[PDB]
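Residue numbers (the entry's author numbering), protein chains in the order written: chain B, 9 to 225; chain A, 8 to 225. Yeah, the Cβ is synthetic: ideal placement off N, Cα and C, and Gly gets one too.
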Ligand SMILES: O=c1cnn([C@@H]2O[C@H](COP(=O)(O)O)[C@@H](O)[C@H]2O)c(=O)[nH]1
Ligand SMILES: O=c1cnn([C@@H]2O[C@H](COP(=O)(O)O)[C@@H](O)[C@H]2O)c(=O)[nH]1
């Protein structure tokens, strides 16, 4: 995936008007938008097509897919039907649940992003201890896209080591959660940024500022 | 605790509005509690919850297996309860803060959180099973009163019931299609969750009635 400015906008505003207005204000800086349940459950899945129609941006559905294989398949199908280019799936539920997602993605010409370790403090309780193994599982399954924590650069670096330089890695937790844009890009191909941009007084200036700080990258 | 009619919860995972409504309507006399998940919600919209409330006199459990960071979990719960869901199912593996975020919204909005400890599918044995007992204990420490456990592993369901105590409410999926037995599951769970065995049957009503007849003494 070729992400403009190595910056993915996490559009978690829950109002259609605000989401569209803010995204439009920073459109010149991005071409990849991560849409999650906050916006989808508030405005409906048709919002995905609206974004593609207005911005032509690629859409990553951050649905943290974490159900049994049968249900995961249905979730992916509904998501790709809505126009999502990729979907984020949890690895904690096991290999069969991830495979179900990979099957649908292959069938519809989309990509699966495997979330190995999360960025919040609670991730240390159960996810972190299984993260490396989840990453190895991704490798065994042929997964090429991963999600790792900006909040723990050493952990993000370990994830990169496991998956190799060829795999694609995106990373959330930048800004609001404490992650540094430049440091995160030492290991991730692209950073995910939400609040630092969409909650800023001037979203455009916020995005421009982040890009300025990583201009050499 | 919620009074689930016939201790049977319908997992309505059909993705077509017309079919979902038809089938739910046909088993309406046997079930007053319906679990709606993403297969239907992502296909027909959150308003489907509103439509089910209007058409049937059923409680709604949103099986969204909430598994994000605290900030995002709060937003998901708010949107879900705003839509009319009585309760929401949340994953415990992402940690205490993520669960607490859901509990806080449920408390302020007057709704309930169901904590999913162990899952019923084969893959659950890779990472979830090993953390299940601790996730359950965490739920008890956090004040969680409603839980979800696997019918496919009676031994595990029994242990979960022990950890949460007799006062906690426990519902269990994996019955029918996945192999779980209704009666045996009800030895530990307050109610069983059944999807495909009912909604894919030539006669959903007869399928539901059959399951209920098999557990009549319970
Ligand atoms: O480990 C993870 C996985 N996903 N996200 C998601 O990435 C975005 C981060 O946004 P923020 O910049 O506003 O913190 C949100 O949509 C959140 O659900 C995380 O923050 N951490
Ligand atoms: O551990 C779990 C948690 N949730 N479910 C959900 O419960 C329902 C089971 O339906 P079934 O009777 O068709 O297998 C589906 O909605 C599925 O996502 C499980 O099966 N196992």
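So, with DSSP's three-state summary, where would you put residue i?
| i | result |
| --- | --- |
| residue 15 of chain A | strand |
| residue 153 of chain A | strand |
| residue 190 of chain A | helix |
| residue 67 of chain A | strand |
| residue 123 of chain B | strand |
| residue 147 of chain A | helix |
| residue 44 of chain A | strand |
| residue 112 of chain A | helix |
| residue 223 of chain A | coil |
| residue 80 of chain B | helix |
| residue 137 of chain B | helix |
| residue 142 of chain B | helix |
| residue 36 of chain B | coil |
| residue 130 of chain A | helix |
| residue 21 of chain B | coil |
| residue 207 of chain A | coil |
| residue 159 of chain A | coil |
Would you kindly check if the distance between the Cβ of residue j and the Cβ of residue i is under 8 Å?
| i | j | result |
| --- | --- | --- |
| residue 69 of chain A | residue 96 of chain A | yes |
| residue 40 of chain B | residue 73 of chain B | no |
| residue 71 of chain A | residue 87 of chain A | yes |
| residue 15 of chain A | residue 142 of chain A | no |
| residue 83 of chain B | residue 75 of chain B | yes |
| residue 161 of chain A | residue 126 of chain A | no |
| residue 21 of chain B | residue 154 of chain B | no |
| residue 101 of chain B | residue 130 of chain A | yes |
| residue 45 of chain A | residue 219 of chain A | no |
| residue 81 of chain A | residue 108 of chain A | yes |
| residue 52 of chain A | residue 52 of chain B | yes |
| residue 18 of chain A | residue 42 of chain A | yes |
| residue 204 of chain A | residue 190 of chain A | no |
| residue 8 of chain A | residue 195 of chain A | no |
| residue 192 of chain B | residue 167 of chain B | no |
| residue 159 of chain A | residue 185 of chain A | yes |
| residue 103 of chain A | residue 145 of chain A | yes |
Using the C-alpha atoms, what's the distance from residue j back to residue i?
| i | j | result |
| --- | --- | --- |
| residue 181 of chain B | residue 47 of chain B | 18 Å |
| residue 85 of chain B | residue 106 of chain B | 14 Å |
| residue 33 of chain A | residue 201 of chain A | 15 Å |
| residue 212 of chain B | residue 221 of chain B | 14 Å |
| residue 113 of chain B | residue 67 of chain B | 14 Å |
| residue 147 of chain A | residue 179 of chain A | 18 Å |
| residue 116 of chain B | residue 150 of chain A | 43 Å |
| residue 152 of chain B | residue 209 of chain A | 42 Å |
| residue 49 of chain B | residue 25 of chain B | 15 Å |
| residue 174 of chain B | residue 29 of chain B | 35 Å |
| residue 124 of chain A | residue 187 of chain B | 30 Å |
| residue 54 of chain B | residue 170 of chain A | 43 Å |
| residue 128 of chain A | residue 89 of chain A | 31 Å |
| residue 65 of chain B | residue 59 of chain B | 7 Å |
| residue 77 of chain B | residue 99 of chain B | 12 Å |
| residue 79 of chain A | residue 224 of chain A | 44 Å |
| residue 111 of chain A | residue 197 of chain B | 35 Å |
| residue 27 of chain B | residue 23 of chain A | 28 Å |
Any heavy atom of ligand 2 closer than 7 Å to the beta-carbon of residue i?
| i | result |
| --- | --- |
| residue 217 of chain A | no |
| residue 165 of chain A | no |
| residue 48 of chain B | no |
| residue 44 of chain B | no |
| residue 194 of chain B | no |
| residue 157 of chain A | yes |
| residue 95 of chain A | no |
| residue 79 of chain B | yes |
| residue 136 of chain A | no |
| residue 76 of chain B | yes |
| residue 24 of chain A | no |
| residue 184 of chain A | yes |
Let me check you understand the geometry: is the CB of residue i closer than 7 Å to at least one non-hydrogen atom of ligand 1?
| i | result |
| --- | --- |
| residue 101 of chain B | no |
| residue 133 of chain B | no |
| residue 112 of chain A | no |
| residue 180 of chain B | yes |
| residue 126 of chain B | yes |
| residue 31 of chain A | no |
| residue 55 of chain A | no |
| residue 20 of chain B | yes |
Looking at the strands, I want to know which residues DSSP matches up with residue i.
| i | result |
| --- | --- |
| residue 98 of chain A | A:123 |
| residue 198 of chain A | A:178 |
| residue 73 of chain B | B:97 |
When every heavy atom of ligand 3 is checked, does at least one fall within less than 7 Å of the C-beta of residue i?
| i | result |
| --- | --- |
| residue 200 of chain A | The ligand content of the structure shown is limited to ligand 1 and ligand 2, which means ligand 3 is not among them. |
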